[PDB]
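Alright, here's a single protein chain in two forms, structure 1 and structure 2, each given by itself as structure tokens.
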Structure 1
């Protein structure tokens, strides 16, 4: 196999199939390589599997999207940029336990970086559809969007919904008029997680209350300007939320730019 002869496996970094940290023998370099069961040819699962690859391959010029090098094929493999700093989810678990979270200046920088990623994705007429901390990777720290498995075209009539902790009500209601603002809503909840919040609910009354536009408790004092920008980003009306372009140019974020 090309995987075996081309790469030396260093360590398993993800299970689900598996992602390994590998050194390509020819270029000396470390890559994250994801191995999955190859779906039946011409199936709906294969189409979903191939969109991730097509997405990766138009989304390779961006500072805040994980770079793609190659993909090939009873397994499919994708070889991406290895991010040395881990996921934002793991940074956020380490913080949780030590009672020291991202401070406001770092929450702004996270928000702005990912927001530039989404601006790039959105201007490609694409949407990500699973923005959450386990799909933001760290490598000045850099934040990069990864895991392009739910990526779709912006006017798509059918959608695979992302994680329910981070899901906009209108997407759940099957309303895809404003898909870009689903990414916006998930970015805000991602930032709240990073600020120190309790694990987000997956359903039930607390789930609904957030979808009414109310921020979860944040165990630290943020400026009103900043808090207000997070709240508008979870507004029940997707049209009231900022576009990624509006986000990155927002005055609240100027001091991060």
Structure 2
């Protein structure tokens, strides 16, 4: 087995329908990696389409400080293995749960740092004519200075010929639900604003109802902290009902509010 020959498992860090992810040490280089091992996808399934989107994204994207580094992928007896960089801080979703437990959240300066770093990753992905389509706290990984990195490329698609799989309804822009895929980079921007709102300590985002529609009308959810007006206006314009009004990732990373 290449997996057992080249690596030693150190800690299970993920489990679910996607299979299992372990923190491993590679024997040859002594470095730590995150390795996902999953069953061969069933033909015609969403799992198969996600695996195809991920292989394409891994071949197209280069190394970027704010995208989880991809190293290798191989098959072992009807199981697929993917070796990525290990981010020692876990996901932003788990960092948010830990903050909730200690009655805390990311303060304003930390939220602007998160928004800018994830924005730099999105600038790179979008510059490669791709969209992520699944930005959310569980797909942002942390390396600890703190570095935020986008992970889980399974929903990555091409702007020129988009194939949009089911997204997380809590982070889904209205125009994507309407099957309008002409401004997909702006669906990533909308999801990023809601990811930052989660990091700010908001209540669990709704999946439907009056509250889901209220957010899609351009109204930010409540957060248990006061943010500056320059920052709140940036979050509010990122969820505008008109995607053309939301900032591009290029505009977002040049914003003096985040840079300062």
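Under this definition, the rigid core comprises the largest set of C-alpha atoms superposing within 1.5 Å between the forms. Residues that one form lacks are left out of the comparison. Residue numbers count along the first chain shown, from 1.
- Checking 220, 63, 224, 43 for C-alpha shifts of 2 Å or more between structure 1 and structure 2, after the rigid core is superposed, gives a single hit: 43.
- For residue 158, a C-alpha deviation of 2 angstroms or more is recorded between structure 1 and structure 2 after rigid-core alignment.
- At residue 238, the distance the Cα travels between structure 1 and structure 2 is 0.7 Å after the core is superposed.
- Core superposition places the Cα of residue 53 2.2 Å apart between structure 1 and structure 2.
- Core-superposed difference between structure 1 and structure 2: segments of three or more residues with every CA shifted 2 Å or more are 39 to 48, 56 to 60, 155 to 158.
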